[PDB]
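**Student:** For reference, the structure I am asking about is given below.
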Amino acid sequence: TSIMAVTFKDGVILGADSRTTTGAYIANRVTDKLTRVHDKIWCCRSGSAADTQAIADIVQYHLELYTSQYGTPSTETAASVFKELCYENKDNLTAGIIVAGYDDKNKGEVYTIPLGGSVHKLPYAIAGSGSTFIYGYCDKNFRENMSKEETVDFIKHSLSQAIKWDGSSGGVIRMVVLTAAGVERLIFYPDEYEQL
Amino acid sequence: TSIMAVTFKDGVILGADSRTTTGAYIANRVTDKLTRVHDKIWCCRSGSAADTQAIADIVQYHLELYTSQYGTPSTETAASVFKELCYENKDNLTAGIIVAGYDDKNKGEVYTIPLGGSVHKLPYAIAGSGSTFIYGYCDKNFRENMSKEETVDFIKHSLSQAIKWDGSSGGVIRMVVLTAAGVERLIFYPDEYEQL
Amino acid sequence: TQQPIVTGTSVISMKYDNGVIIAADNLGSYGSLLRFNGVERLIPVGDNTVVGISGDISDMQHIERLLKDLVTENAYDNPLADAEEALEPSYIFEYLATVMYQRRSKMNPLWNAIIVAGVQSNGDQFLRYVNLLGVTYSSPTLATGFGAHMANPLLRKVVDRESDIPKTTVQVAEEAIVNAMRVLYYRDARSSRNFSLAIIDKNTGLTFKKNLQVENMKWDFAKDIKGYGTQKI
Amino acid sequence: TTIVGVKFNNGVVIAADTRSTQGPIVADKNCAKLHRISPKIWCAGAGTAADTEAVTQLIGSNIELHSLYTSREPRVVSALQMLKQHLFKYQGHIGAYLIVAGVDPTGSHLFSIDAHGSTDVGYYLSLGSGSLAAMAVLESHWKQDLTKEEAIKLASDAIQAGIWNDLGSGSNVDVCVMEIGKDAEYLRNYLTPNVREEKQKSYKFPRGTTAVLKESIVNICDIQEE
Amino acid sequence: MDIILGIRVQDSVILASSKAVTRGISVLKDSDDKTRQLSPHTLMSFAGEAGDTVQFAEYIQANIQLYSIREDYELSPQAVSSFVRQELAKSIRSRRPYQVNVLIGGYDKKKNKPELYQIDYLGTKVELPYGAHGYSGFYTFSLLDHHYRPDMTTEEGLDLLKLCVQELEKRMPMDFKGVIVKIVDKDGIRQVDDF
Amino acid sequence: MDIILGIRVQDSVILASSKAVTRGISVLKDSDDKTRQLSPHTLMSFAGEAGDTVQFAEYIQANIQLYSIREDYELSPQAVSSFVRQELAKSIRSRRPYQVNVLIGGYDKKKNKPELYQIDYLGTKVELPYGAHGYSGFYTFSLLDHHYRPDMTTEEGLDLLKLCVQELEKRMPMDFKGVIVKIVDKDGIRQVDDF
Amino acid sequence: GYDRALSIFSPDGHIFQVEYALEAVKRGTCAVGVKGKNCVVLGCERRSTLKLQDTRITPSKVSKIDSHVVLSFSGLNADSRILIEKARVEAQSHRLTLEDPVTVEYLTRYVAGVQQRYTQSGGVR
Amino acid sequence: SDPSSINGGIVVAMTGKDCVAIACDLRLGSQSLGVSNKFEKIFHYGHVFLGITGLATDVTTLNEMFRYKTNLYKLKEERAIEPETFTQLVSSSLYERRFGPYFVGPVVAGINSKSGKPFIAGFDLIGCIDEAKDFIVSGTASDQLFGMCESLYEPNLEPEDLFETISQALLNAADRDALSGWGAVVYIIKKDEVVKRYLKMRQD
Amino acid sequence: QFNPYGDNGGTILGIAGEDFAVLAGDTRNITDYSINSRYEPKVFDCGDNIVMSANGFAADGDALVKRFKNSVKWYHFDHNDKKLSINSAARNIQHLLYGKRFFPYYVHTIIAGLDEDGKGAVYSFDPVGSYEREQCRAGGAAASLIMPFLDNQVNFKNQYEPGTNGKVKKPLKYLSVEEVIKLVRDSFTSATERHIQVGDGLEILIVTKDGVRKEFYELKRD
Amino acid sequence: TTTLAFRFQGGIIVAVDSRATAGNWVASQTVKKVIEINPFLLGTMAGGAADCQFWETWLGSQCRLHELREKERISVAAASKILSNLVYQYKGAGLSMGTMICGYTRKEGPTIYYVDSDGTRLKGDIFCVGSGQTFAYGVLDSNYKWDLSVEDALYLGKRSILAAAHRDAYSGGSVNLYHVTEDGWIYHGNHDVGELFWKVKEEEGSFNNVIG
Ligand SMILES: [Mg+2]
Ligand SMILES: [Mg+2]
Ligand SMILES: [Mg+2]
């Protein structure tokens, strides 16, 4: 896994590679790691695929029931529900989740939940095995209030490098854009991002 | 450790942090990891301090005796002597060494010798625990035939990021420049490189 | 039983004539990776107490929520919640100490070392320690992790016993704390330059200082150090 | 154990505490940890006490022979090289952790040595269980261009920090000053801040208190004449 | 404990069990009776882990005595052995299993036949002309395989048993301090007081 | 092997050693002599790991016999015991040590005194009025501590030895198949053929 | 190590070092052996050029190799001690491995073998 | 399993005015089993006295080794070895077995025949010298001995007063150790007379 | 793997006199080679003229003392303010300790006071609740250094009357409170010299018919 | 530890040593290893000190409840079985006991039951438990008769503990004697082993191996 989420002027964008491995065997080369828990609250999953799929399904259930009673939940609320599951079941889980969402009041927000189940609100976040190789690049190149096109380029270039060096990461680069305008899916193929 | 060597138009430059740890305790914050095995053949040391100091002392002895009999050794020859010691004693050693040197015939050359004792000739090399965090940055920013000032900036910026993210790395950034003009030592303090 | 994942390093503290001082850096480490650089590890409770926490950050955030809930609960049906029946440093500590010992007794600890610093109703200085094992103790100076090995020796040179407390001003105490934080930055591989500092005084109340930096560092002498023994160049 | 080394204007000073332990028990209250390699090269040792003494005497012996062979006064870099190569060969099994200091025709020097064979250079160093307490003091009060008096003061203050704060260290401070162009001055028990108070009672027994079965003279003399 | 033997002859079942009790270093007793009467015509000998042996035997005894009072009727040896097997088969998948091996010798008054059942701690039951537990069978079965006849008298059974004990006393490393021998027939249970 | 005992009386040394040899499950022999004559007035009994016991004893025997021929002289019991101790002290830091414990009973013809030496596989030597190896001392020393006198006759020593063996046969779990008893005095070494 | 071939053939097919060793035997005091029907007697000459000798402690000419075999000699006294020691060691080694004392012929064959070996080994006489 | 506590035993040494004292218990055991009550742990080579605690086979071996070495010393030097010199010989001999050591706790006591100065010293199993002015302790009850000596000892005790002090130090320390006791010996050493005293003590 | 236990060092000493009792302990608290506190009280007045100390793992020690103090409070509530006698307190502490037989309080407990005849009393406990009335008992780190000295100087063990040579024992004459305190101070001064975990300070609680008194003395801080 | 108990004409003799050790360190020389369950029943302490103390004073409570409910003295058989059934419930959890439950009733006469933490319950005439048990067995087996007098039986128990105290490193301190009659147990004093050894050596002529 190479996953990241980046806030920008108009909202937030999530990015991910598409490789799922069992040892050195690529069990799925076209995986979708960008997961919808609410209309404009998505997450990036890393760690055990069973665990993170189970957690995301429970969160989606919790936020669907929240919405029926109290209306649209905040991104902070979604992050809290993720945290509760990750913290209270820390002994039995291997999950690293980045939560990203768009409110109209709060705009774009990013929360990262590492292994222990702690929560950290950040302007942008990186996670997965491939993230280690782009801490330097991302820290040097991230700016606040970037445009949509700049943020797409930042994520494309960042995950390109993560894929290049991490054997566990690869395939296509998937992205999901969260703004007031709606939800847009993007995909970028190897022939595009390898020549960057 | 965060160590690197980079070839450029006029020769080669070696760079290193100055932190030596015993667990979380910094046993020396002003260490010199750039070591001279011949007049214009130096190395960067990473791994066990005992092992790499023992290896570098033996290599210096070998090249001093080579010089007395056959004249100035090539950088390739120095790398070979390092390799022989690292390969044949691989069971008992924990050493990751980068060898950098300047000939007049071959100009600047860089060889990296990882744990197993293999040799790899490269335009530039990075090693140590801190190098993981700058694979992305270095790959994106390295160009061949840079100037002295550009190469100093590239190493300063790269090791700055390695220090920022790796707890094992820190202190001052030391550099050694190898050209036809001679040998120049550089040092950069925290107040300088932290604001980059 | 677990293992700590995201962790915070030393918390240091000491008593002075009119109150207490406590400090801790703003780093959240992920092993050797210095992952999170804006983590507040000093958490104030009211205007008379500051709780400093080291160790597991997920557990720290849990304890932070317990303290927030404690303030809410104390205010319930309590007309004197901001006066005679406000939370004391001693109440906050005993509660935490109870929780820590209970959790270790179920073999599921909160993986932390905690220092509660504050001033009581009668003006008395409060400073006490508790950790994942439920072990508690008090001293004129207290420190966790690396701080225990490096900060305490320096802080004990200012206040060596109880009788040194009235002779120690807030200026002398803060100076000592700030110097100790510099020494820890020199020597602890899991520390950062950025830290927070809190003063709780019986006269001037709670002063919370954020975004402090280690300054006046000596590095110049590094330029003369060459090789590891015989090397001259 | 707490040991330190501090460079100054015209030389180098080393210091150490005087407590040796076997677990939690104090074996000797006035132990000598400052060892002489040669007249003007001294080292202080932490770790396995037999090893630090043995490795110092072996290298000291070979340094003396080398000095006689070359007709030159011994150098600190020679002691350092011989110590590190010996310790590397034994792969850390010889548990000697040393601070090596001295003056020679090249100048004044200060090095440390780990048991695995790695060495380092510095203006101020500390080793042993009390090294963190000592280094705290050194990092707080060290400056460039210290005088002899300032360096002795700083070194002993660093040992005191170990004495009072580290349970592995205690009792007295030993100091050795090595100045360029002078005899090295070994100051045994330079500070004595831990004298035991008078006891409340005398425990001298009345004579005949112990029950005895047999008495006999032991012949320590050789076989006699006549 | 150690050696327990059984032999079914023409008209009776004979059980022989060692007398020694050893607490590691010392022999604490040399007159221990490793048997319990379950009903007037049914006897059970036992061997296994300390404590569990007597606890299990007395528990079985209590249950069979309860059945006898409730129905005013003595269960057949086959029925008793089945009850015991089930208890051990239940026990082997418990939190802490009974580590006990038993021999059940009974005279069936309905069929006028002696019967010997061998059951180990797993609940493994077999009906046999002669049986043993532990290492006892390794020394004695070759003698029993040679000399045993289904029409033997009680006296001939005791003589064949003496030959088995003599071979045990010769080749076994442990001193088991002799055996207590008991006979089960149509008249009930009795102990041979000189063996 | 198992039990070896020794007692030094007025005018002789008496060594008692068990006869059993056990290969795990079976007792392979019940008449084994766990002793070697080193010289006409010196006897050594032994116990420890299989093979090493006899190999060590015969090696010592060969060396003392060699000395006797070379010098035409019998070494004193003290001298023989010192030689044996050194061999075991050398052995304990070898690649594969001799796992052998010995008793050395000898009559010194120069001093006209019996002498008993106890040496374990580490090379731990003590001169004693009575001694043992293994668990033998745990059962017998309380009897020897009570009844022993330095002026005992050989017959009184044998009687005290019988009481020791009887206590061993009562409280020891293992059957050691009795003991072979040998007496060492001014006239040499002889075996008591009825014990 | 010293490897020089001291015992070698001469043009007439003689090994002079072996023949000169016999001349040393010719110089030694006389020894005689006679076997009866149920015994063997060994007689030895003592040269009376040496008086003031202590006969209690002076090395005797007949030596026991085992309790049942004896050895006497003529020639170099110091040389004979080496053969006697080797023979005594072999006698005990034979008892240890074969569980039977040496026959007289076996012991003779061993000593004779040692003597032969010293006639075609380098660096020895 | 631990070689230094299989056999048990203790040694203590003390200095006084123009005299030294060294004392030891007499027990040898096989763990719980008491084997001998006559196993003396103090030996002497000329006027130099050596006590040795620990693994009994090594105690015997080292005594034989130092008798060997001090006899050759005397033949070559034409004089008896002194306490200071012997201390260095013990240290050297122990360290040569650095990675396969004798499991012992030696103690040296004696008076220098030329200066008249009282001398004592102790060692760990591998040669490290402890040269105390006051007292040296060794064995399975060394903790207990440290406690006794630290309170009972005072400097410059006369020979007959020193006897009482060291005797009471040994006895009461041994009675709080399962593997020490079964008798005791005390040596009082002056420049040219040495007295040896066996003490009466409980035999459990 | 998580280890629920630790070792906080410390040494305690209880001595029973004819009409008094003392319970003393050093004030130093430690982990490994570090000092946590130079003054952390370890001996506590529990009410009803009873003093207590639970030495070893300080978390368990504080828990046990806290639960016993609570037991004294409820004894008064349930039994008409009856004074809890020292023997009754001892039996009660056994049940508190054995209640955690299979997850023990890692401490060595000592209590002191006066019995119902006014005579001095000291009781000693193992971690799982076995107990004994005793005259003299040291506990903790330096217990092995202190007890042999007390055997010799309180009970006069191995001491005989001069002239008789072992035939007549030194008579066991009663010690005053001043005499006992001298022996306590010398015990801890000697322990401080030879044990690294003992030092900083000595706090003594003295129990008589008049109540509980405290005395504090400095110890070496190295 | 060394504890013994034996049946004879005049009832039961119980004898124990007084030493407790933690490794090589002698923790106490004044340990009470006979537990006074009630005025008629005695128990011995071996294995775990707490386990023996706690559960045998608990046993005293159960025996008191039995006689209140049944208006009759509890039998030694019933008393021993209450304890053995209790420890059997805890089997596997790590209890450590080896004890002799001793009593003298009308229906049974003098009775001794060895009770163990594995669940073992054995009736017998002579039992000996502890690290020094083998030494005490030797003296017992060679001198025991049913027709011993109370005086001679008391000495035999004292002498057997002394034998163990001498040889076993982990036994010693002092000897505690008890004589159990039908009307209850009678305490026969505390005897210091140090003083007792020399007294017995001189008067008996034993221990010639030891110099006195
Ligand atoms: Mg890839
Ligand atoms: Mg004993
Ligand atoms: Mg200290």
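Residue numbering restarts at 1 for every chain of the structure tokens, chains are lettered A, B, ... in their displayed order, and ligands are numbered from 1 as they appear.
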List the neighbours of residue J:155 out to 12 Å using only C-alpha atoms; skip same-chain residues closer than 6 positions along the sequence, and give me the result as an MDAnalysis selection string.
**Tutor:** chainID J and resid 13:15 139:140 143:144 148:149 161:162 175:179 188 191 196 200 204
**Student:** Here's a check: after a least-squares fit over all in-order C-alpha atoms, write chain B in the frame of chain A, as a compact mmCIF listing (two decimals) with C-alpha atoms, in the first residue's frame.
**Tutor:**
```txt
# COMPACT_ATOMS: atom_id res chain seq x y z
CA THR B 1 -0.02 0.10 0.08
CA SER B 2 0.69 3.66 -0.92
CA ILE B 3 -2.22 5.87 0.20
CA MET B 4 -2.63 9.58 0.84
CA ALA B 5 -5.20 12.34 1.28
CA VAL B 6 -4.57 16.06 0.64
CA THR B 7 -6.72 19.09 1.50
CA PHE B 8 -6.78 21.94 -1.03
CA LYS B 9 -8.62 25.22 -1.76
CA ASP B 10 -11.89 23.63 -2.98
CA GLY B 11 -11.86 20.55 -0.70
CA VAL B 12 -9.89 17.29 -0.43
CA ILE B 13 -8.55 14.52 -2.70
CA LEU B 14 -7.81 10.88 -1.79
CA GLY B 15 -5.20 8.82 -3.67
CA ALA B 16 -4.16 5.16 -3.75
CA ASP B 17 -2.33 2.43 -5.67
CA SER B 18 -4.16 -0.77 -6.71
CA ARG B 19 -1.84 -3.62 -5.62
CA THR B 20 -2.80 -6.33 -3.11
CA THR B 21 -0.13 -8.93 -2.28
CA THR B 22 0.12 -12.32 -0.57
CA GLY B 23 3.86 -12.46 0.06
CA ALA B 24 5.43 -11.71 -3.32
CA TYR B 25 2.35 -12.80 -5.32
CA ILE B 26 0.09 -9.98 -6.50
CA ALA B 27 -3.35 -11.37 -5.59
CA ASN B 28 -5.09 -8.38 -7.19
CA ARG B 29 -3.47 -5.76 -9.46
CA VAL B 30 -6.61 -3.60 -9.93
CA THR B 31 -7.79 -3.19 -6.31
CA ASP B 32 -9.96 -0.26 -5.19
CA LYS B 33 -8.57 0.98 -1.87
CA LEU B 34 -10.64 4.20 -1.86
CA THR B 35 -13.80 3.35 0.04
CA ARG B 36 -17.02 5.21 0.58
CA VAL B 37 -18.44 5.39 4.12
CA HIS B 38 -20.70 8.35 3.32
CA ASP B 39 -21.59 10.52 0.28
CA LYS B 40 -18.67 12.92 0.83
CA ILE B 41 -16.72 11.03 3.51
CA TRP B 42 -14.31 8.44 2.09
CA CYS B 43 -11.28 6.58 3.46
CA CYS B 44 -7.99 5.05 2.35
CA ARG B 45 -7.28 1.55 3.68
CA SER B 46 -3.91 0.00 4.55
CA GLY B 47 -2.95 -3.11 6.52
CA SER B 48 -4.99 -6.31 6.65
CA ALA B 49 -7.62 -6.29 3.88
CA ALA B 50 -10.03 -8.35 6.00
CA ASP B 51 -9.74 -5.97 8.97
CA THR B 52 -10.06 -2.69 7.03
CA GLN B 53 -12.98 -4.00 4.95
CA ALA B 54 -14.73 -5.13 8.14
CA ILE B 55 -14.11 -1.77 9.84
CA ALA B 56 -15.26 0.27 6.82
CA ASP B 57 -18.48 -1.77 6.55
CA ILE B 58 -19.27 -1.16 10.25
CA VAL B 59 -18.51 2.58 9.94
CA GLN B 60 -20.73 2.83 6.85
CA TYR B 61 -23.50 1.17 8.88
CA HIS B 62 -22.94 3.56 11.81
CA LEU B 63 -22.99 6.68 9.61
CA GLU B 64 -26.08 5.47 7.70
CA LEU B 65 -27.90 5.12 11.03
CA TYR B 66 -26.49 8.47 12.23
CA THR B 67 -27.81 10.16 9.07
CA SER B 68 -31.33 8.72 9.49
CA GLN B 69 -31.54 10.22 13.01
CA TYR B 70 -29.35 13.35 13.10
CA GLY B 71 -28.66 14.29 9.45
CA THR B 72 -25.28 14.46 7.68
CA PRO B 73 -22.34 13.60 9.99
CA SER B 74 -19.15 15.66 10.13
CA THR B 75 -15.77 14.30 9.02
CA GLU B 76 -14.64 14.56 12.66
CA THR B 77 -17.57 12.33 13.68
CA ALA B 78 -16.65 9.73 11.02
CA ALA B 79 -13.03 9.78 12.23
CA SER B 80 -14.24 9.28 15.82
CA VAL B 81 -16.24 6.18 14.87
CA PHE B 82 -13.19 4.76 13.04
CA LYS B 83 -11.02 5.53 16.10
CA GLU B 84 -13.42 3.88 18.54
CA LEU B 85 -13.26 0.61 16.57
CA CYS B 86 -9.48 0.79 16.08
CA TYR B 87 -8.62 1.78 19.67
CA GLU B 88 -10.96 -0.60 21.54
CA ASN B 89 -9.95 -3.56 19.33
CA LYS B 90 -6.22 -2.70 19.04
CA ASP B 91 -5.08 -6.17 20.21
CA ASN B 92 -6.94 -7.96 17.38
CA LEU B 93 -6.61 -5.48 14.47
CA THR B 94 -3.94 -4.50 11.93
CA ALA B 95 -5.39 -1.37 10.30
CA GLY B 96 -4.03 2.01 9.19
CA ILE B 97 -6.82 4.24 7.90
CA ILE B 98 -6.89 7.79 6.51
CA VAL B 99 -10.30 9.49 6.69
CA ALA B 100 -11.07 12.36 4.28
CA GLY B 101 -14.30 14.33 3.84
CA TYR B 102 -15.95 17.54 2.65
CA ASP B 103 -18.36 19.67 4.69
CA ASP B 104 -19.69 23.04 3.54
CA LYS B 105 -19.05 24.56 6.99
CA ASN B 106 -15.63 22.93 7.57
CA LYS B 107 -14.65 22.32 3.90
CA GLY B 108 -11.90 19.70 3.30
CA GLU B 109 -10.57 17.77 6.30
CA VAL B 110 -8.10 14.89 6.73
CA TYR B 111 -7.68 12.60 9.75
CA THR B 112 -5.13 9.78 10.03
CA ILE B 113 -5.62 6.80 12.33
CA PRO B 114 -2.41 4.73 12.71
CA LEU B 115 -2.01 1.25 14.26
CA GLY B 116 -2.56 2.17 17.94
CA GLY B 117 -5.93 3.84 17.27
CA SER B 118 -4.86 7.45 17.89
CA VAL B 119 -6.36 10.29 15.82
CA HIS B 120 -4.40 13.10 14.17
CA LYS B 121 -5.97 15.94 12.18
CA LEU B 122 -3.59 17.07 9.42
CA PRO B 123 -3.47 19.28 6.28
CA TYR B 124 -2.42 16.12 4.42
CA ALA B 125 -1.56 12.52 5.35
CA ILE B 126 0.43 9.61 3.91
CA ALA B 127 0.28 5.93 4.91
CA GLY B 128 1.01 2.35 3.83
CA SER B 129 4.35 0.61 3.28
CA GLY B 130 5.15 2.87 0.31
CA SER B 131 4.70 6.11 2.26
CA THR B 132 8.13 5.74 3.92
CA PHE B 133 9.85 6.56 0.62
CA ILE B 134 7.98 9.86 0.06
CA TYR B 135 8.16 11.60 3.48
CA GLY B 136 10.96 13.78 2.10
CA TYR B 137 9.26 14.54 -1.21
CA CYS B 138 5.82 15.32 0.27
CA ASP B 139 7.17 17.58 3.04
CA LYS B 140 9.14 19.63 0.47
CA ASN B 141 6.34 19.90 -2.12
CA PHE B 142 3.10 20.29 -0.13
CA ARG B 143 1.56 23.77 0.02
CA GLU B 144 -1.74 24.82 1.61
CA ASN B 145 -4.58 26.11 -0.60
CA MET B 146 -3.41 24.46 -3.85
CA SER B 147 -5.71 24.24 -6.88
CA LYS B 148 -7.42 21.04 -8.03
CA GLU B 149 -4.91 20.58 -10.88
CA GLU B 150 -1.91 21.19 -8.59
CA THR B 151 -3.20 18.72 -5.97
CA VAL B 152 -3.82 16.03 -8.62
CA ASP B 153 -0.22 16.55 -9.80
CA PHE B 154 1.14 16.43 -6.22
CA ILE B 155 -0.61 13.12 -5.50
CA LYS B 156 0.23 11.67 -8.94
CA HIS B 157 3.94 12.51 -8.53
CA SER B 158 4.06 11.37 -4.88
CA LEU B 159 2.40 7.98 -5.44
CA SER B 160 4.47 7.52 -8.61
CA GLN B 161 7.61 7.56 -6.45
CA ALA B 162 6.05 5.35 -3.77
CA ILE B 163 5.16 2.78 -6.45
CA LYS B 164 8.66 3.04 -8.00
CA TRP B 165 10.45 2.05 -4.77
CA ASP B 166 7.89 -0.11 -2.89
CA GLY B 167 7.39 -3.61 -4.34
CA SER B 168 4.14 -3.98 -2.39
CA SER B 169 2.67 -0.97 -4.26
CA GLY B 170 1.77 -0.75 -7.96
CA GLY B 171 -0.84 -0.98 -10.71
CA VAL B 172 -3.04 2.04 -11.42
CA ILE B 173 -3.26 5.23 -9.38
CA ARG B 174 -6.87 5.80 -8.30
CA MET B 175 -8.11 9.15 -6.99
CA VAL B 176 -11.37 10.53 -5.57
CA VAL B 177 -12.03 14.29 -5.52
CA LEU B 178 -14.36 15.70 -2.82
CA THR B 179 -15.71 19.24 -3.34
CA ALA B 180 -18.97 21.23 -3.24
CA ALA B 181 -19.46 20.30 -6.92
CA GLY B 182 -19.70 16.58 -6.05
CA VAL B 183 -17.66 13.37 -6.27
CA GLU B 184 -15.24 12.71 -9.15
CA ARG B 185 -13.29 9.49 -9.75
CA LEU B 186 -9.93 9.62 -11.54
CA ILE B 187 -7.64 6.84 -12.78
CA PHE B 188 -4.05 7.03 -14.08
CA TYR B 189 -2.31 4.15 -15.88
CA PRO B 190 1.37 3.02 -15.71
CA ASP B 191 2.34 4.45 -19.14
CA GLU B 192 1.29 7.88 -17.82
CA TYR B 193 2.81 8.07 -14.31
CA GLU B 194 6.01 6.03 -14.91
CA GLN B 195 7.41 8.66 -17.33
CA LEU B 196 6.99 11.50 -14.77
```
**Student:** Name each residue within 6 Å of ligand 3, counting only C-alpha atoms and all ligand atoms, as a ChimeraX atom specification.
**Tutor:** /D:163-170 /I:222
**Student:** Since we have the selection now, will you write its residues out, keeping N, CA and C atoms, as a PDB file, in the first residue's frame?
**Tutor:**
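Once everything was written out, this is again_20.pdb:
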```pdb
ATOM      1  N   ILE D 163      27.549  10.332  41.141  1.00  0.00           N
ATOM      2  CA  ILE D 163      27.575   9.850  42.527  1.00  0.00           C
ATOM      3  C   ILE D 163      26.209   9.983  43.203  1.00  0.00           C
ATOM      4  N   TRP D 164      25.605  11.163  43.102  1.00  0.00           N
ATOM      5  CA  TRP D 164      24.353  11.446  43.804  1.00  0.00           C
ATOM      6  C   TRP D 164      23.115  10.866  43.106  1.00  0.00           C
ATOM      7  N   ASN D 165      23.142  10.772  41.776  1.00  0.00           N
ATOM      8  CA  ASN D 165      21.949  10.389  41.001  1.00  0.00           C
ATOM      9  C   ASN D 165      21.938   8.957  40.443  1.00  0.00           C
ATOM     10  N   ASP D 166      23.112   8.359  40.254  1.00  0.00           N
ATOM     11  CA  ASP D 166      23.210   6.973  39.768  1.00  0.00           C
ATOM     12  C   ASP D 166      23.535   6.018  40.919  1.00  0.00           C
ATOM     13  N   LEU D 167      22.712   4.985  41.086  1.00  0.00           N
ATOM     14  CA  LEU D 167      22.917   3.990  42.147  1.00  0.00           C
ATOM     15  C   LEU D 167      24.155   3.127  41.894  1.00  0.00           C
ATOM     16  N   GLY D 168      24.549   3.009  40.630  1.00  0.00           N
ATOM     17  CA  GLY D 168      25.781   2.317  40.264  1.00  0.00           C
ATOM     18  C   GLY D 168      27.066   3.058  40.608  1.00  0.00           C
ATOM     19  N   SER D 169      26.956   4.325  41.012  1.00  0.00           N
ATOM     20  CA  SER D 169      28.123   5.148  41.344  1.00  0.00           C
ATOM     21  C   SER D 169      28.014   5.718  42.754  1.00  0.00           C
ATOM     22  N   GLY D 170      29.157   6.007  43.370  1.00  0.00           N
ATOM     23  CA  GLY D 170      29.166   6.560  44.721  1.00  0.00           C
ATOM     24  C   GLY D 170      30.543   6.836  45.298  1.00  0.00           C
TER      25      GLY D 170
ATOM     26  N   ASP I 222      24.296   8.933  48.265  1.00  0.00           N
ATOM     27  CA  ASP I 222      24.970   8.379  47.083  1.00  0.00           C
ATOM     28  C   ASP I 222      24.427   6.995  46.704  1.00  0.00           C
TER      29      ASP I 222
END
```
**Student:** Residues of chain I within 9 Å of chain D, counting only C-alpha atoms - could you list those as a PyMOL selection string?
**Tutor:** chain I and resi 32-35+141+153+158-167+170+182-183+185-186+189+193-197+220-222
**Student:** Name the residues of stretch 6-188 of chain J that fall into helix (DSSP H, G or I) according to DSSP on the backbone, using the chain letters and numbers of this document, as a VMD selection string.
**Tutor:** chain J and resid 49 to 70 76 to 89 133 to 143 150 to 167
**Student:** Neighbours of ligand 2 at 7 Å or closer, counting only C-alpha atoms and all ligand atoms: which residues, as a PyMOL selection string?
**Tutor:** (chain H and resi 178+204) or (chain J and resi 164-172)
**Student:** If we count only C-alpha atoms, what is near residue C:71 at a cut-off of 9 Å, once residues fewer than 5 positions away on the same chain are taken out, given as a list in words?
**Tutor:**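 Residues near the query, excluding close chain neighbours: residues 45, 46, 66, 86 and 87 of chain C.
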**Student:** Determine, counting only C-alpha atoms, which protein, DNA and RNA residues have an atom within 10 Å of an atom of residue D:60; residues of the same chain fewer than 6 positions away are not included. Present the result as a list in words.
**Tutor:**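 Returned residues: residues 35, 36, 37, 38, 39, 41, 42, 54, 66, 74, 79, 82 and 83 of chain D.
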**Student:** If we count only C-alpha atoms and set the cut-off at 8 Å, which residues sit around residue E:39, ignoring sequence neighbours fewer than 4 positions away in its own chain? Please answer as a list in words.
**Tutor:**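 Skipping anything fewer than 4 positions along the chain leaves residues 43, 61, 64, 65, 68 and 74 of chain E.
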